[PDB]
Amino acid sequence: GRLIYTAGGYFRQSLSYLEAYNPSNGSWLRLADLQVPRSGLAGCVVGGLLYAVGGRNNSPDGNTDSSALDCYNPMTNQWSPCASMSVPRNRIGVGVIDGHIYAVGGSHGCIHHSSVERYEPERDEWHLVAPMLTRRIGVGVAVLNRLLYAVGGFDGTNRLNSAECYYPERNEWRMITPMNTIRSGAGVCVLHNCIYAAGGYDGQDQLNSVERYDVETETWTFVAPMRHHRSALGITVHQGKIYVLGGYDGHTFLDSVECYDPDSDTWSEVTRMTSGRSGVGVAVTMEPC
Ligand SMILES: O=C(O)c1cc(F)c(Cl)nc1Cl
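Residues numbered from 1 in each chain as written, not as in the entry; some residues may be left out. Heavy atoms only, no water.

For this entry, the PDB record names X-ray crystallography as the structure determination method and reports a resolution of 2.22 Å.

Dropping the structure here:
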């Protein structure tokens, strides 16, 4: 697309911000607020429409895990509710295959989901698919070659370095090589033929390390680390470069946005969000209006 959208997040409470960053000129635009505040959500784009999935409204008047699917139209700058998932999913992971949205894992209270469901925009309907072999919240999700990957997270007792892959035509999950680092709440995306896992929380400290999985070789290799440690970060890809937005570094809710150029293997600070926050949903699509 053209703009990097960030939706929701957490700072003192769950947020409703929707803001769009333009890597071409460095400008931020504040757009229509989410109907419901929510942190720990995921963002994605299908057919030029932005989607906000799952999360949790941490608020003074209580805390409510979200099963909501909400759709934003850049042309109209308006949100509309879509069909809700079968179960609330806080700290969700999302991926898109063949125009379908896969919702992966997440928590509902003290329940840690292994279940997975798929949304078909043409029918505005969710359907459960095979569950993961492992319960995962704070799970990273990415799509490569029409295969879905769930990486890391937290199963209710242990934080995970494990990862698994979903084969749609077989409706089957299979474990892949584990990461070299335990990561919960990492930013997971795809660039070229590799699944990147950036940052996260390994049980003791927030991470700045970044490793990538090559599907051909089935191995994980560390690349350059990020300038700032961070968990609960937003991540996306824009014109062959990785962007990581916000997160929590153990001391502050970051406004820092870093950019990874895989050819030079370097991270640089490219902008700051209008305010620090963690647990945002991120996606890339067209320019509003
Ligand atoms: O285990 C954790 O401490 C953890 C950290 C995170 F940043 C997110 Cl998003 N989720 C979880 Cl579950």
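Peer 1: Tell me about the overall build of the protein, and please be specific about residues and values.
Peer 2: Counting its regular elements, the protein contains zero helices and 30 strands. Its C-alpha atoms give the protein a radius of gyration of 17 Å, within 12% of the compact-globule value 19 Å for 289 residues. In terms of overall dimensions, the protein has C-alpha extents of about 45 × 40 × 35 Å along its principal axes. In the protein, of all internal contacts separated by at least 6 residues, the share reaching a separation of at least 24 is 49%. (Helix = DSSP H or I, 4+ residues; strand = E, 2+ residues; numbered from the N terminus. Rg over C-alpha atoms; globule rule 2.2 N^0.38 Å. Contact = heavy atoms within 4.5 Å.)

Peer 1: Please give an account of the environment of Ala-283 that cites residues and values.
Peer 2: Here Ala-283 shows up in strand β30 (residues 281-285). Of the residues examined, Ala-283 reaches a relative accessible area of 4% and is grouped as buried. It is 5.4 Å that separates the C-alpha atoms of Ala-283 and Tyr-5, two residues lying 278 residues apart in sequence. (Buried < 20%, exposed > 50% of the residue type's maximum accessible area, 1.4 Å probe, protein only.)

Peer 1: For the pairing of strand β9 (residues 62-65), give the residues involved together with the corresponding values.
Peer 2: Every regular strand shows the same layout, with side chains that alternate between the two sheet faces. One ladder, built from four bridges, connects strand β8 (residues 56-59) with β9; its direction is antiparallel. Residue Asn-58 lies in a different strand from β9, and its bridge partner there is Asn-63. If you look at the hairpin formed by β8 and β9, you'll find two residues sitting between the two strands. (Pairing = 2+ DSSP bridges.)

Peer 1: Can you break down the packing of aromatic side chains residue by residue, with the values?
Peer 2: Enumeration over the complete set of coordinates arrives at 14 aromatic pairs. Ring geometry for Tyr-5 against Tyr-72: centres 6.0 Å apart, planes inclined by 55°, an arrangement best described as tilted. Of the two residues, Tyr-5 is situated in strand β1 (residues 3-7) and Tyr-72 in strand β10 (residues 69-73); the sequence distance between them amounts to 67 residues. Taking relative accessible area as the criterion, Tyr-72 reaches 0% and is therefore assigned buried. (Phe/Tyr/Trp six-rings, centres within 6.5 Å; stacked < 30°, edge-to-face > 60°.)

Peer 1: Account for the sheet that holds strand β25 (residues 219-223), with residues named and values stated.
Peer 2: Strands pair in a sheet through their backbones, by hydrogen bonds, and they do so in one of two ways: parallel or antiparallel. Reading across from one edge, β22-β23-β24-β25 is the order of the four strands in this open sheet, with antiparallel pairing throughout. The open sheet has two edge strands, β22 (187-191) and β25, and neither has a second partner. With direction set aside, neighbouring strand axes in the sheet form an average angle of 25°. Here strand β23 (residues 194-198) pairs with strand β24 (residues 210-214) via five bridges, running antiparallel. When the sheet's bridge partners are listed, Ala-198 is paired in β24 with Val-210. (Axes fitted to C-alpha atoms, helices over the stretch in contact; angles between N-to-C directions.)

Peer 1: How would you summarise the pattern of salt bridges if you had to cite specific residues and measurements?
Peer 2: One pass over the structure, following the stated rule, counts 14 salt bridges. Residue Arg-89 pairs with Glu-117 through a salt bridge whose shortest N-O separation is 2.7 Å. Taken together, the positions of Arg-89 in the loop between β11 (78-82) and β12 (93-97) and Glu-117 in strand β16 (residues 116-120) put the pair 28 residues apart, joining distant regions of the chain. Comparing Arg-89 with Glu-117, the two get one shared label, buried. Of the charged contacts in the structure, one is a salt bridge between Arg-272 and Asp-255, with a shortest N-O distance of 3.5 Å. With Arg-272 in strand β29 (residues 266-272) and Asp-255 in the loop between β27 (241-245) and β28 (256-261), this residue pair connects regions lying 17 residues apart in the sequence. Through salt bridges with shared partners, one network takes in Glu-120, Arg-123 and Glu-125. (Salt bridge = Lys/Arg side-chain N within 4 Å of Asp/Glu carboxyl O.)

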